[PDB]
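Only one chain is included here, represented as structure tokens and corresponding to the form deposited in one PDB entry.
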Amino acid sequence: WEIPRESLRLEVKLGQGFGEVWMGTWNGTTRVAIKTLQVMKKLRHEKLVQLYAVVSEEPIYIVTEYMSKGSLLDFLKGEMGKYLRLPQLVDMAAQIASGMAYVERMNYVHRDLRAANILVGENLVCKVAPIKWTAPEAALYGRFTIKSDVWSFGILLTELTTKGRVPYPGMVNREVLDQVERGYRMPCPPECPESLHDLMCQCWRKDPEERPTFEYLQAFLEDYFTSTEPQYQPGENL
């Protein structure tokens, strides 16, 4: 996994803050993402951003596949938001579901699944790479599980369907926590089918063991326009 420092060229800054992320070149021939300051060495999946190489002595360098559109959150908010429509958004949701199903199967917990933590490439490829996105049992008692990730996935569906807005518009953290424990849940967002809001509701069940698996979510999302909304019609935004 270890590569020589002189094999890397750092071209453009992409982000900063703990360290930075650059776009660059590996071995003079490969566009890569470079980040400066073991799970990533074990995990492998087409919907998981792929580690390429490391420089493991301070100053440390992490080298992964390049994702050309930046974060899903940035992508949704930018020039592309205006044009995404439910079939695109449902498709991206399904890809992430697929990523998380691999994580499910491998026995890992992600713990911070949300749009800022997903990357987007060419051709709408999406890949896996604070109260408001967190399941109550996780936020309150540190019970982080795949089931709390499923909760976050529910919140990400709303980010997808509102094209990147903050969940719980106008409420502050303390307000979200209090309200959600009292049984509040986000209503159906404008022009988004009730059947998809119902999936969100399934992710936000109080009993973490009653929430759907990712394998279930992936299959539902892949099949959505044949099995669930065979008669869908694009509207003004979705």
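One-based numbering along the sequence shown. So that the term is clear: the rigid core is the largest set of C-alpha atoms that superpose within 1.5 Å between two forms.
Going from residue 155 to residue 156, you skip over nothing: the modelled chain follows the deposited sequence without a break. Coordinates are absent for 1 to 3 residues of the deposited sequence placed between residue 17 and residue 18. Comparing 51-59 with 165-173, the higher mean C-alpha B-factor in the PDB entry belongs to 51-59. Averaged over Cα atoms, the B-factor as recorded in the entry is higher for 40-48 than for the other of 209-217 and 40-48. In this structure the maximum Cα B-factor among 96, 125, 116, 140 is found at 125. Set against one another, the Cα B-factors of 129, 89, 72, 101 in the record reach their highest point at 129. Among all modelled residues in this chain, the alpha-carbon of residue 185 has a temperature factor (C-alpha) in the lowest third. Per the PDB record, residue ranking by Cα B-factor puts residue 194 in the lowest third of the chain. Placement of the Cα temperature factor of residue 80 within the chain: highest third of the modelled residues, per the deposited record.
Annotation for residue 64: C-alpha temperature factor in the middle third relative to the rest of the modelled chain, per the entry.
The following text describes the form deposited in another entry, which does not appear among the structures shown.
Superposed on the rigid core, the two forms differ between the shown form and the other one by 2 Å or more at the C-alpha of one listed residue only; from 30, 202, 213, 179 that residue is 30. Core-superposed comparison between the shown form and the other one: the C-alpha position of residue 59 differs by no less than 2 Å. In the core-superposed comparison between the shown form and the other one, the C-alpha atom of residue 223 has shifted by less than 2 angstroms.
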